[PDB]
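Novice: structure05.cif is reproduced in full below (mmCIF, C-alpha atoms).
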```cif
data_structure
#
loop_
_atom_site.group_PDB
_atom_site.id
_atom_site.type_symbol
_atom_site.label_atom_id
_atom_site.label_comp_id
_atom_site.auth_asym_id
_atom_site.auth_seq_id
_atom_site.Cartn_x
_atom_site.Cartn_y
_atom_site.Cartn_z
ATOM 1 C CA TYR A 1 36.186 -37.341 -0.767
ATOM 2 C CA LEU A 2 37.187 -34.099 -2.499
ATOM 3 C CA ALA A 3 40.381 -33.646 -0.466
ATOM 4 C CA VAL A 4 42.105 -36.925 -1.367
ATOM 5 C CA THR A 5 41.651 -36.465 -5.121
ATOM 6 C CA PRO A 6 44.096 -33.928 -6.624
ATOM 7 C CA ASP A 7 41.690 -32.831 -9.369
ATOM 8 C CA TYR A 8 38.429 -34.133 -10.804
ATOM 9 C CA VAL A 9 36.087 -32.612 -13.385
ATOM 10 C CA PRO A 10 32.801 -34.524 -13.823
ATOM 11 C CA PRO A 11 29.873 -32.833 -15.616
ATOM 12 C CA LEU A 12 35.905 -23.207 -4.511
ATOM 13 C CA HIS A 13 36.764 -22.023 -8.020
ATOM 14 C CA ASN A 14 34.420 -24.647 -9.517
ATOM 15 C CA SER A 15 31.657 -24.100 -6.941
ATOM 16 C CA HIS A 16 29.303 -22.237 -9.277
ATOM 17 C CA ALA A 17 30.432 -23.572 -12.666
ATOM 18 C CA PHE A 18 30.011 -27.253 -11.808
ATOM 19 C CA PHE A 19 26.778 -26.900 -9.835
ATOM 20 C CA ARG A 20 23.339 -26.367 -11.325
ATOM 21 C CA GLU A 21 21.965 -22.833 -11.247
ATOM 22 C CA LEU A 22 19.403 -21.696 -8.692
ATOM 23 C CA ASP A 23 16.527 -19.425 -9.637
ATOM 24 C CA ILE A 24 15.442 -16.268 -7.827
ATOM 25 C CA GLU A 25 12.242 -17.940 -6.602
ATOM 26 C CA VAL A 26 14.059 -20.141 -4.048
ATOM 27 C CA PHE A 27 14.833 -17.247 -1.692
ATOM 28 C CA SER A 28 11.138 -17.026 -0.719
ATOM 29 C CA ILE A 29 11.850 -19.580 2.036
ATOM 30 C CA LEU A 30 13.678 -16.828 3.928
ATOM 31 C CA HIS A 31 10.395 -15.774 5.579
ATOM 32 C CA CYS A 32 10.945 -18.338 8.350
ATOM 33 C CA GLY A 33 12.936 -16.851 11.207
ATOM 34 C CA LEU A 34 16.169 -18.466 12.306
ATOM 35 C CA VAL A 35 16.520 -20.565 15.457
ATOM 36 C CA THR A 36 19.945 -20.808 17.096
ATOM 37 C CA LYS A 37 21.048 -23.959 18.909
ATOM 38 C CA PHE A 38 23.151 -23.009 21.931
ATOM 39 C CA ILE A 39 21.271 -19.945 23.197
ATOM 40 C CA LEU A 40 17.850 -21.655 22.862
ATOM 41 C CA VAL A 41 8.160 -25.072 12.742
ATOM 42 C CA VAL A 42 11.167 -26.615 10.991
ATOM 43 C CA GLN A 43 13.365 -23.719 12.225
ATOM 44 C CA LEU A 44 15.708 -22.738 9.402
ATOM 45 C CA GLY A 45 19.164 -22.995 10.912
ATOM 46 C CA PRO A 46 22.344 -20.918 10.735
ATOM 47 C CA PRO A 47 24.422 -22.857 8.152
ATOM 48 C CA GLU A 48 21.731 -23.250 5.501
ATOM 49 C CA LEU A 49 20.897 -19.559 5.924
ATOM 50 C CA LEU A 50 24.577 -18.809 5.339
ATOM 51 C CA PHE A 51 24.388 -20.935 2.181
ATOM 52 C CA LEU A 52 21.351 -19.000 0.918
ATOM 53 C CA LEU A 53 22.991 -15.649 1.625
ATOM 54 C CA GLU A 54 26.185 -16.838 -0.076
ATOM 55 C CA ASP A 55 24.340 -17.758 -3.259
ATOM 56 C CA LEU A 56 22.295 -14.541 -3.227
ATOM 57 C CA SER A 57 25.449 -12.460 -2.764
ATOM 58 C CA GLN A 58 27.158 -14.252 -5.646
ATOM 59 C CA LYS A 59 24.076 -13.456 -7.726
ATOM 60 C CA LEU A 60 24.076 -9.762 -6.814
ATOM 61 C CA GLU A 61 27.785 -9.079 -7.323
ATOM 62 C CA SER A 62 27.479 -10.552 -10.813
ATOM 63 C CA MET A 63 24.245 -8.797 -11.775
ATOM 64 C CA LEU A 64 24.387 -5.278 -10.352
ATOM 65 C CA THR A 65 28.072 -4.331 -10.114
ATOM 66 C CA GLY A 66 29.133 -17.982 -16.124
ATOM 67 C CA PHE A 67 25.566 -17.439 -14.968
ATOM 68 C CA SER A 68 22.935 -18.058 -17.640
ATOM 69 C CA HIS A 69 19.395 -18.052 -16.218
ATOM 70 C CA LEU A 70 20.061 -15.024 -14.015
ATOM 71 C CA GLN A 71 21.381 -12.860 -16.862
ATOM 72 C CA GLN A 72 18.313 -13.344 -19.101
ATOM 73 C CA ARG A 73 16.132 -11.411 -16.639
ATOM 74 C CA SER A 74 15.592 -7.671 -16.367
ATOM 75 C CA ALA A 75 17.911 -5.742 -14.062
ATOM 76 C CA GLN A 76 14.951 -3.665 -12.878
ATOM 77 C CA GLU A 77 13.083 -6.919 -12.227
ATOM 78 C CA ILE A 78 16.015 -8.279 -10.206
ATOM 79 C CA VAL A 79 16.267 -5.094 -8.135
ATOM 80 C CA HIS A 80 12.513 -5.096 -7.483
ATOM 81 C CA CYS A 81 12.464 -8.765 -6.484
ATOM 82 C CA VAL A 82 15.446 -8.269 -4.171
ATOM 83 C CA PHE A 83 13.637 -5.318 -2.578
ATOM 84 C CA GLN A 84 10.609 -7.589 -2.153
ATOM 85 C CA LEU A 85 12.700 -9.734 0.217
ATOM 86 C CA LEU A 86 13.978 -6.840 2.330
ATOM 87 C CA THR A 87 11.537 -7.107 5.237
ATOM 88 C CA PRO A 88 12.197 -10.771 6.235
ATOM 89 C CA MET A 89 15.943 -10.093 5.914
ATOM 90 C CA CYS A 90 16.208 -7.172 8.341
ATOM 91 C CA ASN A 91 14.535 -9.371 10.969
ATOM 92 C CA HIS A 92 17.300 -11.952 10.516
ATOM 93 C CA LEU A 93 19.894 -9.177 10.781
ATOM 94 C CA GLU A 94 18.316 -7.889 13.997
ATOM 95 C CA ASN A 95 18.148 -11.418 15.424
ATOM 96 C CA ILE A 96 21.817 -12.184 14.762
ATOM 97 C CA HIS A 97 22.659 -8.747 16.199
ATOM 98 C CA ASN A 98 20.929 -9.805 19.411
ATOM 99 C CA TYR A 99 22.707 -13.176 19.249
ATOM 100 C CA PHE A 100 26.096 -11.479 19.209
ATOM 101 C CA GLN A 101 25.242 -8.855 21.824
ATOM 102 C CA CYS A 102 24.029 -11.745 24.001
#
```
Taking this structure as input, can you express it in the form of structure tokens?
Specialist:
Amino acid sequence: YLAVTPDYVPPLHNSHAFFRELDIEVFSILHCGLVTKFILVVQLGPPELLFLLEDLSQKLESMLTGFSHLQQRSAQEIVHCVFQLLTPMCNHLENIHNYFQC
């Protein structure tokens, strides 16, 4: 329904401005490992994981190197909390590495 309308502004350039902000706490769901379909719990899939990584990347490139809730937090706090999520992230990286080498 977006494509047919030329423009519409109800309260990819408007992806983050129009949508409601997401807090840092949501990324805790990353602890569940991904399950791919073709190669073969609720099994967090590829596309939602891409969505999470997209939002986290758009947070980081704004903070470290619009947003309201993210910018009223300490930079040291943000770095520490991102570090906190390092160990369930490298497992995803290793798993997709094995996906591609497969």
Novice: Which residue gives the smallest distance to residue A:85 among A:29, A:9, A:60, A:42, with all atoms listed in the file counted?
Specialist: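 With all atoms listed in the file as the atom set, the closest residue is A:29.
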Novice: Near residue A:71, within 12 Å and counting all atoms listed in the file, which residues show up once chain neighbours fewer than 6 positions away are dropped, as a list in words?
Specialist: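 The contact residues come out as residues 21, 23, 24, 59, 60, 62, 63, 64, 77 and 78 of chain A.
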Novice: Would you mind exporting C-alpha atoms of the selected residues as a PDB file, keeping the file's coordinate frame?
Specialist:
```pdb
ATOM      1  CA  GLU A  21      21.965 -22.833 -11.247  1.00  0.00           C
ATOM      2  CA  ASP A  23      16.527 -19.425  -9.637  1.00  0.00           C
ATOM      3  CA  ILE A  24      15.442 -16.268  -7.827  1.00  0.00           C
ATOM      4  CA  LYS A  59      24.076 -13.456  -7.726  1.00  0.00           C
ATOM      5  CA  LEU A  60      24.076  -9.762  -6.814  1.00  0.00           C
ATOM      6  CA  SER A  62      27.479 -10.552 -10.813  1.00  0.00           C
ATOM      7  CA  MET A  63      24.245  -8.797 -11.775  1.00  0.00           C
ATOM      8  CA  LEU A  64      24.387  -5.278 -10.352  1.00  0.00           C
ATOM      9  CA  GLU A  77      13.083  -6.919 -12.227  1.00  0.00           C
ATOM     10  CA  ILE A  78      16.015  -8.279 -10.206  1.00  0.00           C
TER      11      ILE A  78
END
```
Novice: One decimal, in Å: what's the spacing between atom CA of residue A:25 and atom CA of residue A:12?
Specialist: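 Computing the Euclidean distance for atom CA of residue A:25 and atom CA of residue A:12 yields 24.3 Å.
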Novice: Take the PyMOL selection byres ((chain A and resi 86-98) around 8), apply it to the structure above, and return the hits as a ChimeraX atom specification.
Specialist: /A:30-34,82-85,99-102
Novice: For residue A:66, please output as number ranges by chain all residues within 12 Å (counting all atoms listed in the file; exclusion window: fewer than 4 positions along the same chain).
Specialist: A: 13-21, 58-59, 62, 70-71
Novice: Restrict the output to stretch 9-98 of chain A and C-alpha atoms, then write it as a CSV table (one decimal), in the first residue's frame.
Specialist:
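In the end it all went to out13.csv:
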```csv
chain,number,residue,atom,x,y,z
A,9,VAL,CA,2.8,11.7,6.0
A,10,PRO,CA,0.6,10.5,8.9
A,11,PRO,CA,1.8,11.0,12.5
A,12,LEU,CA,13.4,4.8,3.6
A,13,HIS,CA,14.1,8.4,4.4
A,14,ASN,CA,11.1,8.4,6.8
A,15,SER,CA,11.9,5.0,8.3
A,16,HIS,CA,13.2,6.2,11.6
A,17,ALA,CA,11.4,9.6,11.9
A,18,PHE,CA,7.9,8.2,11.5
A,19,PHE,CA,8.4,5.1,13.6
A,20,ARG,CA,8.4,5.0,17.3
A,21,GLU,CA,11.9,4.7,19.0
A,22,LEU,CA,13.2,1.4,20.3
A,23,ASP,CA,15.1,1.3,23.6
A,24,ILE,CA,18.4,-0.5,24.2
A,25,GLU,CA,16.8,-3.2,26.3
A,26,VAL,CA,15.1,-4.9,23.3
A,27,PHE,CA,18.4,-6.3,22.0
A,28,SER,CA,18.5,-8.8,24.9
A,29,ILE,CA,16.4,-11.2,22.8
A,30,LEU,CA,19.6,-11.8,20.7
A,31,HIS,CA,20.6,-14.6,23.0
A,32,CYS,CA,18.6,-17.1,21.1
A,33,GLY,CA,20.6,-18.6,18.2
A,34,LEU,CA,19.4,-18.4,14.7
A,35,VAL,CA,17.8,-21.3,12.8
A,36,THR,CA,18.0,-21.3,9.0
A,37,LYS,CA,15.2,-22.7,6.8
A,38,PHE,CA,16.8,-24.4,3.8
A,39,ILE,CA,19.9,-26.0,5.3
A,40,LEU,CA,17.9,-27.4,8.3
A,41,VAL,CA,12.4,-23.0,20.9
A,42,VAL,CA,10.8,-20.3,18.7
A,43,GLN,CA,14.0,-20.1,16.6
A,44,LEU,CA,14.7,-16.5,15.8
A,45,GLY,CA,14.9,-16.3,12.0
A,46,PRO,CA,17.1,-14.5,9.5
A,47,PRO,CA,14.9,-11.5,8.5
A,48,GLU,CA,14.0,-10.4,12.0
A,49,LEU,CA,17.6,-10.7,13.0
A,50,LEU,CA,18.5,-8.5,10.1
A,51,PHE,CA,15.9,-6.0,11.3
A,52,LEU,CA,17.4,-6.0,14.8
A,53,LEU,CA,20.9,-5.6,13.4
A,54,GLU,CA,19.7,-2.8,11.2
A,55,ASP,CA,18.2,-0.8,14.1
A,56,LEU,CA,21.3,-1.4,16.3
A,57,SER,CA,23.6,-0.2,13.5
A,58,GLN,CA,21.5,2.9,13.0
A,59,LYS,CA,21.8,3.5,16.7
A,60,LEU,CA,25.5,3.1,16.8
A,61,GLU,CA,26.4,5.2,13.7
A,62,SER,CA,24.4,8.1,15.3
A,63,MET,CA,25.8,7.7,18.9
A,64,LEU,CA,29.5,6.9,18.5
A,65,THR,CA,30.7,8.4,15.3
A,66,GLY,CA,16.4,12.7,15.2
A,67,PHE,CA,16.8,10.2,18.0
A,68,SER,CA,15.7,11.4,21.4
A,69,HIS,CA,15.7,8.5,24.0
A,70,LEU,CA,19.0,7.2,22.8
A,71,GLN,CA,20.8,10.5,23.1
A,72,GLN,CA,19.8,11.1,26.7
A,73,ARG,CA,22.0,8.2,27.9
A,74,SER,CA,25.6,8.1,28.7
A,75,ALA,CA,28.0,7.3,25.9
A,76,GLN,CA,30.1,5.2,28.3
A,77,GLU,CA,26.9,3.4,29.3
A,78,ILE,CA,26.0,2.8,25.6
A,79,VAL,CA,29.5,1.4,24.9
A,80,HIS,CA,29.3,-0.9,28.0
A,81,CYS,CA,25.9,-2.2,27.2
A,82,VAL,CA,26.9,-2.9,23.6
A,83,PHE,CA,29.9,-4.8,24.9
A,84,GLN,CA,27.6,-6.7,27.1
A,85,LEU,CA,25.9,-8.2,24.0
A,86,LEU,CA,29.2,-9.2,22.3
A,87,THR,CA,29.2,-12.9,23.2
A,88,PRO,CA,25.8,-13.9,21.8
A,89,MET,CA,26.6,-11.9,18.6
A,90,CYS,CA,29.9,-13.6,17.7
A,91,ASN,CA,28.0,-16.9,17.8
A,92,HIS,CA,25.6,-15.6,15.2
A,93,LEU,CA,28.5,-14.4,13.1
A,94,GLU,CA,30.2,-17.8,13.3
A,95,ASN,CA,26.9,-19.5,12.4
A,96,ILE,CA,26.3,-17.4,9.3
A,97,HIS,CA,29.9,-18.0,8.4
A,98,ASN,CA,29.3,-21.7,8.4
```
